[PDB]
Every structure is written in structure tokens, then in C-alpha cells.
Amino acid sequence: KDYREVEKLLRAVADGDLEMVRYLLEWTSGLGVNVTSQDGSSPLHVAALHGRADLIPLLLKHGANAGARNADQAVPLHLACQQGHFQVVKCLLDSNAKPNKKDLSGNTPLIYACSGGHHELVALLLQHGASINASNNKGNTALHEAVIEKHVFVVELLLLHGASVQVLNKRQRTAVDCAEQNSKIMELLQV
């Protein structure tokens, strides 16, 4: 029930404060690189969420767990993807964070990046092995979501990398029958 120390640490992580993190964890009170706020937020989550790429190698160096699940069963990759943090995503993928993990809404890192319009993350993730056609609990794919949210550049990139256009989400729609009639997006979904 006393999370006050944990909160000190995560506020420092969140502010990108490496010397504070170092003091609080005593590098080179029961705190550790993998403790959790009440949420399940570990430092690695927080760092990812706030895009603190300079912290990540260090946390990982001291044993942070990149597959740690918060209360949404989200891993830190999800958050960095939700927020569009390139270097964080890169750093984690390069430290072997797994790209195909689903949280309770069935979403993936790729799907969050696409949903959020973060095109600069799509190729990177595909390279590290994200399944381009995985779907969330609504049966939407990265491509469904990019289309719904109208992120043209994302749509472009997913089609270029061969994303299926025949997946039916749970209301029997496909990427195509989610676009505008006469959208530039629609044009793209034909070629």
C-alpha cells in the first residue's frame, strides 16, 4: 500500500531524469528496476510512454523486463508505439523486445502505431517481425485502423509491405469498405 517511493522513481523516469533514477536505485527502501506502481507501470513502461530513449539502454542494462505487463497487459512496446517514439521502439526492438504481443483490447504494437498514424514506426516494426495482418478484438488489423483514422501515409506503407485487404473485421468490413467513397485512401486500396 505504500507506493510513494515507487511514484518517486516513476516521476523521475517520466521526466527523463537519469541521475535521479540512478540515486533512487543506487547504481555504480526496496526499489528496483522492475517494481510496479499500482497500475503495473514499471519504469520501462514509463520510460517508453514518455519517450525517454536515453534511459532505456540503462534500465535494460540493469535488468528491466521488456515483456513486463501492466494492468492492460500492455508491454512497454505498446506505449512507445501508441505515442510514436521512434528511438524507444528501435531501442527496445534491438534489445529483443517481442513485437507480437497483444494487450487486453487485443491490440499490437503495430496496430497502435498505425492507429495513431505513426508511419515512421511501420517499416521498423515489420522488419523486426510484426505480423502485418494480426487483428485486435474488434477484428481490426493495422490496416483497418489506419483507414478508419485516415492515416494515408500509414495506409501506403502497409499496402507496400503487402498487408491483406481481405480481412473481415467483426462487423464484416474490410479495409476497403471502411474508406471514404472517393478518398485518396480508396484509390490506394484498389491498386
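Residues carry their position along the shown sequence, with the first being 1.
J.: What is the count, as a class, of unmodelled deposited residues between residue 28 and residue 29: none, 1 to 3, 4 to 9, or 10 or more?
T.: Missing in between: 10 or more residues.
J.: Check the entry's C-alpha temperature factors for 66-74 and 126-134, then say which stretch has the higher mean.
T.: Comparing 66-74 with 126-134, the higher mean C-alpha B-factor belongs to 66-74.
J.: When the C-alpha temperature factors are averaged for each of 146-154 and 39-47, which stretch ends up with the higher value in the entry?
T.: Comparing averages over the C-alpha atoms only gives 146-154.
J.: If you rank every modelled residue in this chain by C-alpha B factor, which third holds residue 11: lowest, middle or highest?
T.: Within its chain, residue 11 is a lowest-third residue by C-alpha B-factor, going by the deposited values.
J.: Can you tell me whether residue 17 has a C-alpha B-factor in the lowest, middle or highest third compared with the other modelled residues of the same chain?
T.: As the PDB entry reports it, the C-alpha B-factor of residue 17 lands in the middle third of its chain.
J.: Would you please rank residue 57 by its C-alpha temperature factor against the other modelled residues of its chain and give the third it falls in: lowest, middle or highest?
T.: Within its chain, residue 57 is a middle-third residue by C-alpha B-factor, going by the deposited values.
J.: Of the three thirds of its chain by CA temperature factor, lowest, middle or highest, which one includes residue 107?
T.: Middle third.
J.: Sorting by Cα B-factor within the chain, modelled residues only, which third would residue 100 end up in: lowest, middle or highest?
T.: Ranked within chain, residue 100 CA B lands in the lowest tercile.
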